[PDB]
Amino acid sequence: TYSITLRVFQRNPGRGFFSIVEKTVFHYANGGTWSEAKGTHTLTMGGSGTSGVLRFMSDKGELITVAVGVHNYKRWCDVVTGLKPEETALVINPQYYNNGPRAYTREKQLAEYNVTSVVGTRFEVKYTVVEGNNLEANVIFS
């Protein structure tokens, strides 16, 4: 089994304040589950080869997803910003598989990824524990 524990840091009040509005788990590797403990969010998965997505919305209306998973025994992550209301995590998560439009960024097995939304909000996923079955990462909004 694999687990990924996320700590969420929001740096800049100017960018608004984000909260989770959706949490999905992909059906590969025997699925998995999100849980919360001490302000953190942990994705527990039945094995290597699946993932999950957290969608955030700011009190300014901005919508973004954070994807984390394990691909061939190595952690991966991605961030998608500038989402329309209809582009829910339910739509996004499957796009990393079956030759979907996001599978390429899963295949990179990134230990860190950052991007800045068209509206000017910076986002970063950085793994602090990059090896083993108990993975850790920070999610930073700025």
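Sequential numbering from 1, following the sequence displayed.
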* Structure fact -> Averaging the C-alpha temperature factors as deposited, the higher value of 116-124 versus 13-21 falls on 116-124
* Which of the two stretches, 33-41 or 107-115, shows the higher mean Cα temperature factor in the record? -> 107-115
* Looking at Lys60, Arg102, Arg55, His27, which has the biggest Cα B factor in the entry? -> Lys60
* Once the chain's modelled residues are ordered by C-alpha B factor and cut into thirds, is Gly69 in the lowest, middle or highest one? -> lowest
* Asked: Compared with the other modelled residues in the chain, in which third is the CA B-factor of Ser3?
  -> middle
